[PDB]
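Below you will find the structure I want to go over with you.
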Number of protein chains: 2
Amino acid sequence: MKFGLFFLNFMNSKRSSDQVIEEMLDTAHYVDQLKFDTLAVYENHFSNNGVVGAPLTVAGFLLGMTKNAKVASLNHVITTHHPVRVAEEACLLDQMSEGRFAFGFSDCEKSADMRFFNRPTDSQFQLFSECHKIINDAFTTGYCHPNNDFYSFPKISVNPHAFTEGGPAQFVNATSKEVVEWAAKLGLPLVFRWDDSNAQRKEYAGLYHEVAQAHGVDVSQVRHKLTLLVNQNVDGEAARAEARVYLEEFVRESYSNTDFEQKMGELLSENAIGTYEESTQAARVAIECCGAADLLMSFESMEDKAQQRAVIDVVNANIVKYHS
Amino acid sequence: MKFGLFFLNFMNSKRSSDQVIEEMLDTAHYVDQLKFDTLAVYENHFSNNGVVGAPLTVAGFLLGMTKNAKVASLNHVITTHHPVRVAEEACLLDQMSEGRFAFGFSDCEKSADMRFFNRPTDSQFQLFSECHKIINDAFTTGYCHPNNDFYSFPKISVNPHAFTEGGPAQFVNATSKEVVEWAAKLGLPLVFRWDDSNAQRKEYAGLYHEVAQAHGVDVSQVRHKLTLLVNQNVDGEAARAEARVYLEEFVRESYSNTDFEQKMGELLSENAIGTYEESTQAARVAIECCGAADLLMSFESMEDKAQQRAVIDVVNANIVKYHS
């Protein structure tokens, strides 16, 4: 198993945007000396729940600032951008960093961003997939020439050409049955979301495999990733309290019609939140349900910098003793 | 007077893109500890004469690996982008670097690029200033709320808020009379292009001054920038011939045959190209013609990496003795 960190960069009444960005940079710097494999950035727009709207640009900075970690965008939403530019940027990061950039992308999760960037909400899946086809052409051929209802232009060259052969590694967010099935047929790895339930992830996991099994695609060398929140307090009840407030607004913004108490109750017990033992047990359960090979954790909900670093140092010690 | 560098990142057949990027990053690293003030990145698309299509992605990398120099986009074309996306990017650079990013922007010169990106060709200049009012709004207030022919959506918060009061420092490319007058009415400093004649740069400097004087704008603390190509060689014919190869392709793609030979003669005699003395006299004449207070130089045309470093070193020796 491989481990990594991901940054949600949420801001609330106690932590402002300048603060959360400054804390992210300190951690990248710290963790770059350790055994953590990957550092990933989350994308969000117009709300307190995620201050980074341009993950690739933040990935560029982290890349030029660190020496070991691989840096990845965790869920760059491609449907709301021009394919050719996403490829231009991704290939630039690939070149400047010499193969340390990973391309995590996604379909559009919030509809208010679709009806904002004025993209047709009726043909969202076809758009998303056409966008990928164009990016992927560029990655693999250095050129791209589309001829369809969304993008029609001549044969252009996309500079600079990729550094890593075939373009930077890719992985797609498990946002819908349609996407998973789609990812399955191509052999692209998925990243299971932390805001999902264990039940929902096992279902996606199963579907990916049946579709993969059916279309005759070799999924034995594919490494799925799972994201999880980690908060370890000596008083597991405190931990659940602290994470509760962190998540408070996120659950109302994104999960407006489920029932607040239910979802908060589920995110809290299914994520690595609690005492060392509870936190740990939950992790194993989550990994068994989806068959993720890599684990990305977020330690941002712990406000005390001393405590956060302590918990980080332990995860790192376990990686050395048991995963070398 | 202040001095800095800019990267054209042109490529050919005896030079690859993997190569020019590696060379920008090395030069950036050497120069970051010398007396150069700013490092600037040029933008271009689907052509050999400019491999960087995303200067803000590159600026992020450069800012993360440098400690002393300011990094700027020299000509980010905003007309073909969604203004909310640019403001989001620029504000990120401003926060992460703690104010070391400078926003050089520009208008869209090619009608072909307008069609490519679905912007209305004939409205080019109107679209340009509306985009800009949206970005400046975000810089100065943190929210934007347009209501015009191009963009109309309710009020949104653009995260993260700027780090520098008023957003990062801005400047604009003197690409037309229209833009120069526009810039003059706003009190924005210009960046005069290396590829224009002295007569033209002179014309732009005068027009700016007139429009400024007439609208009662105080342009006393406004420092214009000048970009120049530098190729010094003990043999004045050697330098002019080396630069000629560097430029040949650019002159044909851009200045078609507006008598390819007249334009070429001019570029080679007007830029800082020749023996040290020729090179220097040419620089003096250029500054006189436009009143630029800051000078950005490109040393790329010099293929010999030791010869290049020697010139950079001498240039820096001058700043130390005569400009400290």
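All values below come from the heavy atoms of this structure, side chains included, with hydrogens, waters and symmetry mates left out. A, B, ... follow the sequence lines: proteins, then strands. Residue 1 opens every chain.
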message = Is any side-chain heavy atom of A:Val52 closer than 4.5 Å to one of A:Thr57?
response = no

Practice prompt. Decide whether B:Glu210 and B:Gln213 meet the rule of one side-chain donor and one side-chain acceptor closer than 3.5 Å.
Written response: no

Output for pair (B:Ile273 CD1, B:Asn231 CG), nearest 0.5 Å, gives 6.0 Å

*Going by heavy atoms in the side chains, are A:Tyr143 and A:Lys155 under 4.5 Å from each other?*
yes

| Would you say B:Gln308's side chain and B:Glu303's backbone share a donor-acceptor pair under 3.5 angstrom? | no

Please check: side-chain N/O of B:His215 versus main-chain N/O of B:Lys185, any donor-acceptor pairing under 3.5 Å? no

Under 3.5 Å side-chain donor-acceptor pair for B:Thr27 and B:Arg309: no

Would you mind reporting whether B:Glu253 and B:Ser47 have side-chain heavy atoms less than 4.5 Å apart? yes

**Item:** Close side-chain approach of A:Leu62 to B:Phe61, heavy-atom, < 4.5 Å
**Value:** no

Any donor-acceptor pair under 3.5 Å from B:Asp32 side chain to B:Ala69 backbone:
yes

Kindly determine whether B:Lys177 and B:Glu181 satisfy salt bridge (charged side-chain N to carboxylate O under 4.0 Å, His left out), including the steps that lead there.
CA-CA 6 Å; B:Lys177 296 193 219 302; B:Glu181 170 175 344; over 6 Å; no

Contacts of B:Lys70 meeting side chain to side chain contact (heavy atoms under 4.5 Å, CB included) (sequence neighbours excluded), chain-then-number -> B:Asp37, B:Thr38

Inset, instruction - Any chance you could lay out the side chain to side chain donor-acceptor pair (under 3.5 Å) test for B:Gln19 and B:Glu22, step after step, and finish with the verdict? - result: CA-CA 5 Å; B:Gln19 200 177 313; B:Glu22 195 97 21; over 6 Å; no

Donor-acceptor pair, side chain of B:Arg193 and main chain of B:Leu226, under 3.5 angstrom = no

For B:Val219 and B:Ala212 the tightest heavy-atom approach is CG1-CB, 3.6 Å

Does the side chain of B:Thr175 pick up a donor-acceptor pair with the side chain of B:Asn173 at under 3.5 Å?
-> no

Checklist entry - Would you say the side-chain atoms of B:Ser97 pair up with the backbone N or O of B:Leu93, donor to acceptor, closer than 3.5 Å? => result yes

Side-chain H-bond candidate by donor/acceptor type, B:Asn12 with B:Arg15, under 3.5 Å | no

When every non-hydrogen atom of B:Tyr246 is compared with those of B:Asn9, the smallest separation belongs to OH-N, 4.4 Å

Check residues 283-296 of chain B and write down every donor-acceptor pair under 3.5 Å in which the side-chain atom is one partner and the other belongs to a residue at least two apart or another chain.
| from | atom 1 | to | atom 2 | distance (Å) |
| --- | --- | --- | --- | --- |
| B:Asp294 | OD1 | B:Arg223 | NE | 3.2 |
| B:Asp294 | OD1 | B:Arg223 | NH2 | 2.9 |
| B:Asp294 | OD2 | B:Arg223 | NE | 3.4 |

Checking B:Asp195, B:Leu8, B:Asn48 against B:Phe250 for side chain to side chain contact (heavy atoms under 4.5 Å, CB included), the one that qualifies is B:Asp195

Q) When you measure from the side chain of A:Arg100 to the backbone N and O of A:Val71, does any donor-acceptor pair fall under 3.5 Å? A) no

Correct closest heavy-atom pair for B:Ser301 and B:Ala243 would be CB-CA, 4.4 Å

- Query: So do the side chains of B:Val230 and B:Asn271 get within less than 4.5 Å of each other, counting heavy atoms only?
  - Reply: no

Review point. Under 3.5 Å, side chain of B:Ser298 to main-chain N/O of B:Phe7, donor-acceptor pair present?
Key: no

Looking at B:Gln170 and B:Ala102, would you say the former's side chain and the latter's main chain have a donor-acceptor pair under 3.5 Å? no

Requested in this report: May I ask you to test the A:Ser73-A:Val41 pair for a side-chain heavy-atom distance under 4.5 Å?
Outcome: no

Heavy atoms of B:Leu25 and B:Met65 approach each other most closely as O-CE, 3.1 Å

Quiz item: Can you find a heavy atom in the side chain of B:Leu56 that is under 4.5 Å from one in the side chain of B:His76?
Solution: yes

Can you tell me if B:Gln126 and B:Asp149 form a side-chain donor-acceptor pair at under 3.5 Å?
-> no

- Query: Between B:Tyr255 and B:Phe260, does the ring centroid distance fall short of 6.0 Å?
  - Reply: no

Applying salt bridge (charged side-chain N to carboxylate O under 4.0 Å, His left out) to B:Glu266 and B:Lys263, what does each step give before you reach the verdict? CA-CA 5 Å; B:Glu266 186 175 286; B:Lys263 191 57 185 166; 3.0 Å; yes

> Distance-only, no hydrogens or angles: does the B:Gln95 side chain make a donor-acceptor pair with backbone N or O of B:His161 under 3.5 Å?
Replying inline: yes

Separation between CH2 (B:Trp194) and CG (B:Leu229), nearest 0.5 Å, reads 5.0 Å

Shortest non-hydrogen pair, A:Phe101 vs A:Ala59, comes out as CE1-CB, 4.2 Å

- Query: Any donor-acceptor pair under 3.5 Å linking the side chain of B:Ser152 with the backbone of B:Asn148?
  - Reply: no

| Any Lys/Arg nitrogen of A:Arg85 or B:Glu89 sitting under 4.0 Å from an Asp/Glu carboxylate oxygen of the other? | no

- If we ignore angles and hydrogens, is there a donor and acceptor under 3.5 Å between the side chains of B:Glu43 and B:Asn75? no

Check: Is the B:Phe153 to B:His145 ring centre distance short of 6.0 Å?
Finding: no

Report task. Apply side-chain contact (heavy atoms from CB on, under 4.5 Å) to B:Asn316 and B:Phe3, showing your working. Result -> CA-CA 9 Å; B:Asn316 179 85; B:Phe3 300 88; over 6 Å; no

task: Please step through ring pair (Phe, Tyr, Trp, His ring centres under 6.0 Å) for the pair B:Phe116 and A:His82, ending with a clear verdict.
output: CA-CA 11 Å; B:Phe116 195 95; A:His82 194 294; 5.8 Å; yes

Note to self: In the structure I gave you, are the side-chain heavy atoms of B:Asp18 and A:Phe163 within less than 4.5 Å of one another anywhere?
What the structure shows: yes

Review point. Any luck finding a side-chain donor-acceptor pair between B:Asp107 and B:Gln124 under 3.5 Å?
Key: yes

Pair B:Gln281-B:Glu277, side-chain donor/acceptor within less than 3.5 Å
no

Decide whether A:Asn159 and B:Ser17 meet the rule of one side-chain donor and one side-chain acceptor closer than 3.5 Å.
no

Problem set entry | Parallel, tilted or perpendicular: rings of B:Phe105 and B:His132 (30°, 60°) | parallel

Query raised in the report: Would you call the rings of B:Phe299 and B:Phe36 parallel, tilted or perpendicular if under 30° counts as parallel and over 60° as perpendicular?
Result: perpendicular

Looking only at side-chain N and O atoms, does B:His45 offer a donor or acceptor that is under 3.5 Å from a partner on A:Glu88? yes

Heavy atoms of B:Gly236 and B:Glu278 approach each other most closely as CA-OE1, 3.8 Å

Contacts of B:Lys321 meeting side chain to side chain contact (heavy atoms under 4.5 Å, CB included) (sequence neighbours excluded), chain-then-number -> B:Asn318

| request: Go through the steps to decide whether B:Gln232 and B:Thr275 satisfy the test side chain to side chain donor-acceptor pair (under 3.5 Å), and finish with yes or no. | output: CA-CA 5 Å; B:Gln232 291 184 178; B:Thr275 67; over 6 Å; no

